[PDB]
Ligand SMILES: Nc1nc2c(ncn2[C@@H]2O[C@H](COP(=O)(O)OP(=O)(O)OP(=O)(O)O)[C@@H](O)[C@H]2O)c(=O)[nH]1
Ligand SMILES: [Mg+2]
């Protein structure tokens, strides 16, 4: 009605608006978070971060609902995700690194029973990506299947408008310069698998370790039971309720056998869902006679910096 | 036809201030921290040709250091900016140019720039010291200031003309 090519120009305004919006929100969340990382000795800013992500998600929804053949789904971000997922279904000292893939992190959200709405799945997916520092990457990859975006979005869309989309992604790139735990800190009751790796000081000195070791991983939201490690096992992946940010790890043995002297260099525990990797420096003996004769030692963990950038 | 110009430098050397001088001919001495990347474009009017320049104002913060190589990808031109009132900012100036030619090829028009030439208070770098390392590498050189607006246009004029066109 009285709008043939007028709407075309009206949609370019909306696209501009969505970009200026994205930038603003991006620029704010970074300032709010860098400011939180400035002086915090313990939150007030913690609830703010929840609403900030709330807004970031609606912005992303609006961006994904702009100019398309609307699915029955309530979430346009989850529907375009679901497609990329279903269209791949058709086309068919250091530990091993994890698979980086928007589909992988989708699966992680897909096996969370409590989440029922398509909207929550998307909202969950975006937080997990934010903690992982892959929101930008995942969207740039979801957007690489150009034929898919073309099949779903009209030509005047935001996503289809490649000059503004590139800036849109380049801004989400800022979330990689800050540490988010928006996935970990909200889903406090899901099961998460922790990959353990005991790094013994390999040097021929003494004799083969004969005792039975045990380990105990603890984080902010909780801790694990005492885990009895099978003799001659230095790597195992254990699943348990979300422990939050790993804090400490304690290892020891029962002093059984002839040579019950153990020298462990460090213990490495990794969140197999977020990829977060904690190093637990040890470097001391475990056994009567050596060092201060401790049969169990407490290790303080350090979050290792994200790598790589390739 | 579009032209990409990336602005690189240490925390608070004057990357964003030079953009405001050229964009809206004005200066603000209040410090505003750059968060990642800011996009801004203008159309340069020259006697021979006239095409728009897409500017990329990157952050000088370390928190954003790991993203800088990403901002250079496909960049037609790179403009390295360093303070002259500080030695450290001038120190790693070369580390920047190196990363540029490392991500981009040799066709990328690079130009060294020593900002803050308005005040001589605590100036530890001289025009000579900058001219020498600008002569070692295939990189242009020019002295500039945002507070005074010391030929900020020259910085643009010759860098936008010294490149292939439509
Ligand atoms: N006196 C003087 N001050 C300047 C000049 N250029 C920038 N400044 C000062 O530097 C501060 C802002 O620096 P910016 O230009 O925003 O620094 P930047 O390169 O963008 O650094 P980031 O925001 O971290 O990336 C202000 O306080 C300015 O007054 C100059 O030519 N002369
Ligand atoms: Mg700047």
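Per Swiss-Prot, chain B residues shown: 12-177, in order.
Per the header of the entry, the method used was X-ray crystallography, 3.2 Å.
Keep in mind that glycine also has a Cβ here, set from the backbone N, Cα and C atoms.
Per Swiss-Prot, the features are as follows:
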| type | residues | note |
| --- | --- | --- |
| BINDING | B:23-28, B:39-40, B:42, B:45, B:71, B:126-127, B:129, B:156-158 | GTP binding site |
| BINDING | B:27, B:45, B:68 | Mg(2+) binding site |
| MOTIF | B:32-50 | motif 'Switch 1' |
| MOD_RES | B:82 | O-AMP-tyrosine |
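One way to see the shell of the Mg(2+) site is to take the Cβ centroid of B:27, B:45, B:68; the remaining same-chain residues with a Cβ within 8 Å of it are B:18, B:26, B:30, B:43, B:49, B:69, B:70, B:71.
Taking Cα separation as the measure, residue B:127 (GTP binding site) is nearest to B:27 of the recorded positions B:27, B:68, B:82.
Here the binding-site residues are B:39, B:68, and the one ringed by the most other CB atoms within 10 angstroms is B:68. Remote same-chain partners of the motif 'Switch 1' (B:32-50), defined as residues 6 or more beyond its termini with a Cβ less than 8 Å from a stretch Cβ, comprise 23, 26, 65-72, 75, 78, 82, 157-158, 160, 163-164, 166-167. Less than 8 angstroms from the CB of the residue listed as 'O-AMP-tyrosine' sit B:17, B:48, B:67, B:69, each of them six or more residues away in the same chain. Residues from the binding-site residues list (B:26, B:27, B:39, B:68, B:127, B:157) with a C-beta closer than 6 Å to any atom of ligand 2: B:26, B:27, B:68. Put simply, residue B:27 (Mg(2+) binding site) is 9 Å from residue B:157 (GTP binding site) when counted between their Cα atoms. Cβ environment of residue B:23 (GTP binding site): B:42, B:71, B:94 lie under 8 Å away, each six or more residues apart in the same chain. According to its DSSP assignment, residue B:27 (Mg(2+) binding site) is helical. Contact annotation for recorded positions (B:23, B:39, B:45, B:68, B:82) versus ligand 1: B:23, B:45, each with CB under 6 Å from a ligand atom. Note: the motif 'Switch 1' (B:32-50) comprises 4 helix, 3 strand, 12 coil (DSSP; helix = H, G, I, strand = E, B).
A C-beta separation below 8 Å, combined with a sequence spacing of at least six in one chain, links residue B:45 (GTP binding site) to B:26, B:27, B:68, B:69, B:70, B:71, B:72. Under the three-state DSSP scheme, residue B:127 (GTP binding site) falls in the coil class.
In this view, residue B:157 (GTP binding site) is surrounded by 25 other Cβ atoms within 10 Å of its Cβ, with every protein chain counted.
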